[PDB]
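Quick setup: one chain, the form deposited in one PDB entry, written in structure tokens, and binding and motion questions come after.
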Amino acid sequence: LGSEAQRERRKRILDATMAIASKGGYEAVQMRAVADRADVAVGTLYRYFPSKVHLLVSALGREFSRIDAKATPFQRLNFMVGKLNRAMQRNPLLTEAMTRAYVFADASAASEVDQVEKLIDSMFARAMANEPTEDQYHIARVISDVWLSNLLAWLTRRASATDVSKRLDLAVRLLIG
């Protein structure tokens, strides 16, 4: 949990982190900069987040939970996949920071990276049924795998956004056949 002061500090830290990530991407999210923008000390920043990976991944978790607050299965899956497709193109640098930290994480951040993962799959399952079944969760997991792979292909400028939408529609079509 934590006190109100600690909650304020944390919020300021993650807000600064997502700001600098937005303007400059992963390499711009520097710990001295994130600490300076949140008006914290660096040792405070590392007290609240043990590594840069933990920081960006926790920001990704907060953002995806916030997005979690607010027809045919291919239609609802196309709606979610298009929402996250346009959301990927919305801020490419922020997506670069959060995604790259998500995949570069080591075992020390496993728990964090797991939560995010388990939540995202959950959304993909909640976007297929208005409670889901077992097979819906499985297809959701495979879909999320293809979305991560194609997201990495786009962020590294080896696949266009049209290519991402095409290959993920190919994945959903391959699963719903």
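Don't overthink the numbering: it's just position in the shown sequence, from 1. C-alpha atoms forming the largest set that superposes within 1.5 Å between two forms make up the rigid core.
| task | Answer with none, 1 to 3, 4 to 9, or 10 or more: how many deposited residues between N130 and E131 are not present in the coordinates. | result | 1 to 3 residues are missing.
| task | For the stretch from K70 to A71, please bin the deposited residues that the model skips: none, 1 to 3, 4 to 9, or 10 or more. | result | The entry has 4 to 9 unmodelled residues between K70 and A71.
| message | Can you tell me whether 164-172 has a higher mean C-alpha B factor than 151-159 in this record, or the other way round? | response | That would be 164-172.
| request: Please work out which of 98-106 and 78-86 has the higher mean CA B-factor as recorded in the PDB entry. | output: Taking the mean B-factor of the alpha carbons in each, 78-86 is higher.
| query | Which has the highest CA B-factor per the PDB entry: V42, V113, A59, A125? | reply | Top of the list by C-alpha B-factor: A125.
| request: Can you pull the Cα B-factors for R32, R66, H54, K118 from the entry and say which is highest? | output: Most elevated C-alpha B-factor of the set, per the entry: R66.
| field | Assigned third (lowest, middle, highest) for the C-alpha B factor of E27 | value | For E27, whose C-alpha B-factor we compare with every modelled residue in the chain, the answer is the lowest third.
The same protein also has a form deposited in another entry, omitted here; what follows describes it.
| message | Please determine whether the C-alpha atom of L151 is displaced by 2 Å or more between the shown form and the other one following superposition on the rigid core. | response | Shift at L151: 2 Å or more after core fit.
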